[PDB]
Structure formats: structure tokens, C-alpha cells
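Accompanying notes for the structure given below.
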Amino acid sequence: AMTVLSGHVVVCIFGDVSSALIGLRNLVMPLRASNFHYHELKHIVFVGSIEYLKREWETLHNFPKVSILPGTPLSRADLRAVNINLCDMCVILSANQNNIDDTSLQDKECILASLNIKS
Amino acid sequence: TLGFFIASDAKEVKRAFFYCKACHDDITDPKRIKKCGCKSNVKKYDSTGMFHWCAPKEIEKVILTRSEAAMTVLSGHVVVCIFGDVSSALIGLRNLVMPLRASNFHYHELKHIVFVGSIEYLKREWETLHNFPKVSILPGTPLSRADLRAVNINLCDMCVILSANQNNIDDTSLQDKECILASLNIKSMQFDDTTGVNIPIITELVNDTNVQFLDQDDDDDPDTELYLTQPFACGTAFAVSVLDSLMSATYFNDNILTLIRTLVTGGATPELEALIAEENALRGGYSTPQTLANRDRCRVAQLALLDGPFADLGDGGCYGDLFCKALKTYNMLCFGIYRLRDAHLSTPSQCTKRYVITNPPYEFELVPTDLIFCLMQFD
Amino acid sequence: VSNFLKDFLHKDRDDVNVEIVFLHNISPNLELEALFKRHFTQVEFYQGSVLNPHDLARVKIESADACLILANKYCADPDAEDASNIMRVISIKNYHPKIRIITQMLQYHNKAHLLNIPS
């Protein structure tokens, strides 16, 4: 909340200790591909559980501007203090990919988080 | 204005559309009513002024050991027996403490909640209860009789037994096993200045065929209906099937849920829902005259006829006279009579268990040993 | 079941007009079906719990001379089973109080709950 950081990308992640890795290296690398100037680069702010991002950050720790907001994407205060309204784009990812049953209900905390953002 | 009332027939609810005082002045029966006839910047309350608020303290400030609770006499209080683990699911005790401290009571009138259970469960949940003025934690087991001994269970106000370990797939009639067992453990206790059968307890149960295990001295029927049994009718046994009964009444009237939710939560304004909806934390606010006007709601209480101003009407008094006098003088809606069980008998007994009588008529008599429900205004 | 049946139905027991009726929710396995089909006029199995009043009526618990509750010696939690047997005692004594009940308790501390039951 002290840092105005508009024109940026936030990534809403839903990860646990037990949940499988995605690889966000494949997200940050084409988004910082040395084809943009250093003032042109977008500032990625991850929003999610830090217990998930500590396990993954060992492949993202060579990149010039990236932030972590440890919290929950369903937590509206965390999206409030990330400047979601004057960002560039929000990204909602389904990391908790473990449902065997009811696969039409699998991405339940993605459309719900998107509706939480939109309202 | 839409009026909510307790009737017993549809012909009752029909005759509040039409009522002509010029036509229905003199009256003796429901047959008179016919269709036609006429033509100091101290943080005290929350942001909404609807709940008692405190400073967000540390969990060690509200923790206490066994002998530390034995140092502190804390009578007139509520204890909550919880059965929680690290693995077990959260209940939400925020929905218990908030209507029990609803800014409709004075700060000396508030009851001191002492949770009894595993601290490993309460640490996970206490981050939603840490804004409340007086709450204690006794880390232990409700089955541990020493913990209930050093919490002053005999001279408390009410014990509450909750089933948090809700994970049984098999044998669902055996699911609430450490609730009725803990209640019997409480009820079979002796003390020194008595036997703790007089302790006011309410235990959450999950099965209708399971509720008659609590209070038995008289075999009613093995297959007794849920409303006809003794522990339900005395109020000492809250079944959870009541909630699935709510859905039918919500289907037929859209306002039963609204009435019950405003009655029971003690103020459920949508601004409160919106303020909780953004941070899940009852944040505090300053006090304005707009703020203190918000806590003008009425509460729920019981009234002892013997020591009351209505004591003269206490013996043989018509219920109607008592209701009229209270509404006119103290603006208290007489709400139902909480009558003792062995009061209609002649032999003096020791049974302090009382049952519930809802909306009695004029011919219904009144013994002085009653605890009639009411809706007291806020002075 | 086998040890109890062997001692109760031992030949040296001579003349005892007692018929063992077993009420259990789980259906008997093939070894149980053989063991129950080793005793005809002597052992009857019925499916049902003792936490349902109708099942107690079906087993004629009120007229039954006594009810014996057997606890699985091996279980993940000793206290949980002990509380289940105490629940069964409470159900039977609430149905018909004037009855003898012999039960098994896995823990010595859990025995006090039975004393707490009034009947």
C-alpha cells in the first residue's frame, strides 16, 4: 500500500505445500524476453500462499522486478492493496489440480475469484 | 409495514389485512372480524456500533492454566466445551461470540466466555475472535473433570458442548459420541457449598434418534418424536435437524429466515456483511451519536415472576394481564412462559428442569415459579 | 466371536437354555457364515445396530437375559472405541434399564463414564 505500482501484472495463484508445481518460469520468461526496454517491463506481483511460492521461487530468482504478496486471491483486502483497478492485467491460475471426482467442479476457485474481482 | 406474528391458523393471518376500528370496536371472539364493513477517545464498539469491540490482543493474554483459573472466581459465565484437533474442520465461533456480545448489553452485563478444549484447535480459529472484550481459554479436555472443576462449572451461567470433530463416514448414529458422554460427565458431578444435575447445559446433537440419551429419569418411549422428548422440550438439547427444517419454511415464506436472522444474530445489517466481506475482521470505530443510536435494538431475556414487579400477578395471574402490563410499562413483549416441569403436580420435587410454552392464551394460569420469556428494551 | 462361542457353547457347560443372538451392522463374512452355520438352534445373527430402538426391539433386548458388548482389541484409537461401547451401553440402558450389561473396555480411564451413566 505504500508502493504505487500501476501498469503491472498480478498473478493470483492457488497453491499449497502439497499441491503440484506449475512452473511460473514459463510465465515470467516470455514476459521478460529482452525484447522490451527495462522501463517497458511489467512488474509481476504474485498473490498467493508463500508456502507454495518458496518451493518454486528457486527458478524465478534471476529476474529483474518481481514481487510476492503472501495472501489469498479470495482476500479482497490483498487485491485492494495491490492496485488491482489500475494494474495492467490480472492472471488467475489453477494450481490445485488434484480432483479425481466431479471434474466440472475442478476449477472452483478460479471463476469464483474472477467474480470476486469483477464485483 | 409488514407485521410478523405468531398465529396458529390462516384465518388469523387473513384478518390483519382488514381491520376496521369503526366496525370492529366492540368484540368478543374472532367471529366479530368480517371482511367488509367500511370503505476520551476510547475504542469501545466496532465500525457499525453494533458489537462490543476490544483491542486486538495476544493469545497469551487470554490463556490461563488450571490453577490460574482456580485463582479467579468468575461466576455467572458461559463455558464452551469444544472438541477440536489440528486436522478437524473449523466451526466458526465468531458466530457464537458476536450475538452474545451484540452491543445491546452493558459492559458489566456481558458474559465471560471461557473456552475449554485443545489449544491447537483454538489457535487456528482465534484470529477471528481476538477483537472481543472478555474471553478466556482453558486449554484442556472437556472430559477432564479437573478442568471443569477449576472453571466453576457449578456456579456458571451455561455450559455449551459443541461437536467439532465432524468427519464420520460410517455409523452416523454414533457420530456425536463425545457430546452426550461429556454432558453425562458434567451432570454426574458433586460439589461442596451439591450434585450437578442442575447445571444449565446445551449440547449440539446431530441425530434425532440420539437426543433422548441426555436427560432420562422417566422412560417416555424409545421411539419418541423429536419435539415430544424431554431434553429437546427443556431446551437442553439443540438438534441440528432444525436447520434442515428451516429450508421448508424458507420455501413457503421468504421472511422466516430474515426474521430469525435478525432475531438471533442480533443485528445483521448488510453494511456489516459488506465490511466483513472485504477483510473478514470486525474492525473498530469511534463513537458518534449516529453510532450509539444504532444499538437501540431489543434483546432476549427471561424474567423471574417471584422477585419481579409482576410478582403480585405471579400467583394465578392471567398471562394476558402480564403481557399487557409489561408491554405498556416496560415495553417488554411477553414472549412465552418457561414453565417448570413438576409444577402441575402437587408433591414438591427437586426437579429444576423447565419446559417451554409458546404463546399461551388468556385462560392459561400462572404459577409464581416461572421464567417467562420477554423482549426487553434498552434503557 | 469364536472364543466367546467356544466357552459359552462348551460341552462341559452341560444344560444351559441360552441362545446367543448377535446384532452387528456389518454383514458376516464367509468364515462367520460357516461359524454361524455350525450352530443352528443356538446362534442367530441379525443385521442392525444397537443405536436404533427398532433393532433393539427386533433382537428382543427387553426380554433378553443380558447383553454382552465386545470391543475390537485392535483399533486406531482405544478411547474412540471405548466411547462407542459406552454409547452402546447408554442406548441399551435407555431402552430397558433393568438389564445386566457386561462390556469390554480397552482403557482403564474410560471405565468411569459407565459409572457416570445413572442406570
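Convention: chains lettered A, B, ... in C-alpha cells order; per-chain residue numbering from 1; ligands numbered from 1 as shown.
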Please, which residues of chain B lie no more than 8 Å from chain A when the count uses only C-alpha atoms, and can they be set out as a PDB file with N, CA, C and O atoms, in the first residue's frame?
ATOM      1  N   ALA B 277     -17.030  -8.581   4.585  1.00  0.00           N
ATOM      2  CA  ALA B 277     -16.773  -9.221   3.301  1.00  0.00           C
ATOM      3  C   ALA B 277     -15.456  -8.803   2.663  1.00  0.00           C
ATOM      4  O   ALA B 277     -14.977  -9.499   1.763  1.00  0.00           O
ATOM      5  N   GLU B 278     -14.856  -7.702   3.102  1.00  0.00           N
ATOM      6  CA  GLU B 278     -13.632  -7.230   2.477  1.00  0.00           C
ATOM      7  C   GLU B 278     -12.372  -7.579   3.249  1.00  0.00           C
ATOM      8  O   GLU B 278     -11.292  -7.610   2.650  1.00  0.00           O
ATOM      9  N   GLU B 279     -12.465  -7.835   4.550  1.00  0.00           N
ATOM     10  CA  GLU B 279     -11.268  -8.184   5.301  1.00  0.00           C
ATOM     11  C   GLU B 279     -11.449  -9.325   6.286  1.00  0.00           C
ATOM     12  O   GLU B 279     -10.442  -9.765   6.848  1.00  0.00           O
TER      13      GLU B 279
END
* Return as a ChimeraX atom specification the residues belonging to chain B that are within 8 Å of chain C, counting only C-alpha atoms. => /B:173-174,177-178,181,184-185,188,209-210,212-213,216,219,222-223
Please dump the current selection as a short mmCIF file (atom, residue, chain, number, x, y, z; two decimals), in the first residue's frame; keep N, CA and C atoms.
data_model
loop_
_atom_site.label_atom_id
_atom_site.label_comp_id
_atom_site.auth_asym_id
_atom_site.auth_seq_id
_atom_site.Cartn_x
_atom_site.Cartn_y
_atom_site.Cartn_z
N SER B 173 -25.12 -42.61 13.54
CA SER B 173 -25.81 -42.56 14.82
C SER B 173 -24.85 -42.52 16.00
N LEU B 174 -23.59 -42.85 15.78
CA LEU B 174 -22.55 -42.84 16.79
C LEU B 174 -21.64 -41.63 16.64
N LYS B 177 -20.48 -38.85 19.70
CA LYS B 177 -20.20 -39.72 20.83
C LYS B 177 -19.56 -38.95 21.98
N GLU B 178 -18.64 -38.04 21.70
CA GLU B 178 -18.12 -37.22 22.79
C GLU B 178 -18.89 -35.91 22.91
N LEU B 181 -21.67 -38.00 26.05
CA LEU B 181 -20.81 -38.55 27.09
C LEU B 181 -20.23 -37.45 27.96
N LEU B 184 -23.09 -36.17 30.18
CA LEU B 184 -23.31 -37.05 31.33
C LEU B 184 -22.19 -36.93 32.34
N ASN B 185 -20.95 -36.74 31.87
CA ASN B 185 -19.83 -36.45 32.75
C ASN B 185 -20.04 -35.19 33.56
N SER B 188 -23.17 -35.82 36.17
CA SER B 188 -22.84 -36.64 37.33
C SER B 188 -21.58 -36.12 38.02
N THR B 209 -32.56 -39.61 16.71
CA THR B 209 -32.68 -40.83 17.50
C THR B 209 -31.62 -40.92 18.58
N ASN B 210 -31.00 -39.80 18.90
CA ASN B 210 -29.85 -39.76 19.75
C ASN B 210 -30.06 -38.78 20.89
N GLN B 212 -32.50 -38.50 23.22
CA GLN B 212 -33.10 -38.94 24.46
C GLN B 212 -32.09 -39.59 25.39
N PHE B 213 -30.82 -39.60 25.01
CA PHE B 213 -29.80 -40.16 25.89
C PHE B 213 -29.39 -39.18 26.97
N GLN B 216 -32.61 -38.64 31.03
CA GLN B 216 -33.55 -39.72 31.26
C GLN B 216 -33.62 -39.99 32.76
N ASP B 219 -38.77 -43.01 31.50
CA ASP B 219 -38.86 -43.57 30.16
C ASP B 219 -40.13 -43.07 29.49
N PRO B 222 -39.18 -45.37 23.73
CA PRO B 222 -37.97 -45.47 22.90
C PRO B 222 -38.09 -44.77 21.55
N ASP B 223 -39.23 -44.90 20.88
CA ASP B 223 -39.50 -44.11 19.68
C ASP B 223 -40.40 -42.92 20.02
#
* Counting only C-alpha atoms, the residue of A:37, A:108, A:118, A:32 that sits nearest residue 65 in chain A ->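 Once distances to residue 65 in chain A are computed over only C-alpha atoms, the minimum belongs to A:32.
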* DSSP alpha helix (DSSP H) selection over range 11-118 of chain A, as a ChimeraX atom specification -> /A:25-31,50-56,76-80,108-118
* Counting only C-alpha atoms, what is within 10 Å of residue 91 in chain B, bar same-chain residues fewer than 4 positions away, as a list in words? -> residues 82, 84, 95, 96, 125, 162, 163, 164, 165 and 166 of chain B
Write out the residues from the selection above, keeping C-alpha atoms, as a PDB file, in the first residue's frame.
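again32.pdb, freshly written:
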ATOM      1  CA  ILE B  82     -15.046 -27.731  22.226  1.00  0.00           C
ATOM      2  CA  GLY B  84     -11.146 -29.885  18.116  1.00  0.00           C
ATOM      3  CA  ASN B  95     -20.928 -16.762  15.069  1.00  0.00           C
ATOM      4  CA  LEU B  96     -21.227 -17.673  18.760  1.00  0.00           C
ATOM      5  CA  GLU B 125      -9.647 -20.062  14.996  1.00  0.00           C
ATOM      6  CA  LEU B 162     -20.107 -28.479  20.555  1.00  0.00           C
ATOM      7  CA  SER B 163     -19.223 -31.253  18.120  1.00  0.00           C
ATOM      8  CA  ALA B 164     -16.294 -30.067  16.050  1.00  0.00           C
ATOM      9  CA  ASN B 165     -14.952 -33.489  15.045  1.00  0.00           C
ATOM     10  CA  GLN B 166     -17.467 -33.873  12.223  1.00  0.00           C
TER      11      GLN B 166
END
